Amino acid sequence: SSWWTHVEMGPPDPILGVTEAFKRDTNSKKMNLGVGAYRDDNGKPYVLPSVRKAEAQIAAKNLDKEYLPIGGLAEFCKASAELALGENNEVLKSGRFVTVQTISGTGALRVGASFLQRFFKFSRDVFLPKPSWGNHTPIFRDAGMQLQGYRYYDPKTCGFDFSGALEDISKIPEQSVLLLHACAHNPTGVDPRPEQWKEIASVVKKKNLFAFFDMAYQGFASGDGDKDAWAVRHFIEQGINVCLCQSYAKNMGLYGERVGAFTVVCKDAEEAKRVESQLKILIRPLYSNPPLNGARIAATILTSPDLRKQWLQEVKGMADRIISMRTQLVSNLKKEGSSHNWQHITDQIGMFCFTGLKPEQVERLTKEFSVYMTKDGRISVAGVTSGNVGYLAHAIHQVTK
């Protein structure tokens, strides 16, 4: 026998399957709407020009490759809090926060979760929206927390079920943890409006809930970094000491370089030093310390007012191409004669959209049309191009007419 005779084959990764089925398809019309990363108008990976600039300008300094501190590159950390909280945020001025570099936004979720596990004595329950990023569940579980949920997605309108959310949130046991997507909710693309965000905050504050924000799309979401981070900022301003996860995968296109941060906002700088030392104690035994490249690229962009300003324009480009595809898809559905309401497609934010398609319809799109998407009807808008958007709208109309 053997050590691992009893280790079972894991279940198939659904998203990868869709992707591999797409690659094997000879149909010349086929489309990949399961890709989980930005594509430009010809369906190609897109390394931002500002990232290329920063990179050339880094190779020029003949930098070493030594270990960073456990919390990573100090200037990346500080810039990254500024990115999120904004320039003169009182949190920044009073120093009442700590930020650590992590292994993209997944590492920040994991680091944050492990910190809740050890120090958040008030609860073991993390409430996730229905639905949420599929990884959220295994990260908190493996970290040693428990998952619950709150009503978010409205299947009846393909929008925000505000009344359900607010009812659920206002019943969460006091001092539980609430997880909130800061904007561009993955997988649905559905976000509360400023006005609704306000009332969630007021409940969170009133019931004394701990707020945990996942922010993987600042700037990429709408092209506007300040709008996108508005809810995190507002919770902080109603005096809610959030913690926060940032990713630079999508808004700088650094996907495989793994650049993100985790930030806890505290009562004062003293409490932040304490959380900091304990954050470092949790990081050292996961990976000792974080990687150099992507944090240098990112630090260089954020601290150089020209590169920064150039980077923001590139981000607006990306958000705009996405918004354009949403708008086009919709108007093409009108052109094709569909009588269904499609406005969700444009109210939603970011690169993911719940189309509203049922599983049987998804099978038709794939079999009859070679449109590839997950069975929950989520499309990756990044796979839509001005070149394929007419075909798409025809296929969607066909299977729903």
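Residue indices: 1-based, along the sequence shown.
Trainee: On mean C-alpha B-factor from the PDB entry, just flag whether 379-387 or 20-28 is the higher one.
Mentor: Going by the record's values, the stretch with the higher mean is 20-28.
Trainee: Looking only at CA atoms, which has the higher mean B factor in the entry: 137-145 or 268-276?
Mentor: The entry gives the higher C-alpha B-factor average to 268-276.
Trainee: Tell me which of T102, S163, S304, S288 tops the list for C-alpha B factor in the record.
Mentor: That would be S304.
Trainee: Considering only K171, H181, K316, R118, which residue's Cα atom bears the greatest B-factor as recorded?
Mentor: So the option with the highest C-alpha B-factor is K316.
Trainee: Can you tell me whether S222 has a C-alpha B-factor in the lowest, middle or highest third compared with the other modelled residues of the same chain?
Mentor: As the PDB entry reports it, the C-alpha B-factor of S222 lands in the highest third of its chain.
Trainee: Where does the C-alpha B-factor of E257 rank in its chain, lowest, middle or highest third?
Mentor: Ranked within chain, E257 CA B lands in the middle tercile.
Trainee: Can you work out whether the C-alpha temperature factor of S247 puts it in the lowest, middle or highest third of the chain?
Mentor: For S247, whose C-alpha B-factor we compare with every modelled residue in the chain, the answer is the lowest third.
Trainee: Comparing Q328 with the other modelled residues of its chain, is its CA B-factor in the lowest, middle or highest third?
Mentor: Within its chain, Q328 is a highest-third residue by C-alpha B-factor, going by the deposited values.
Trainee: Against its chain's modelled residues, does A79's Cα B factor rank lowest, middle or highest third?
Mentor: Its C-alpha B-factor, which the entry lists for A79, ranks in the middle third among residues of this chain.
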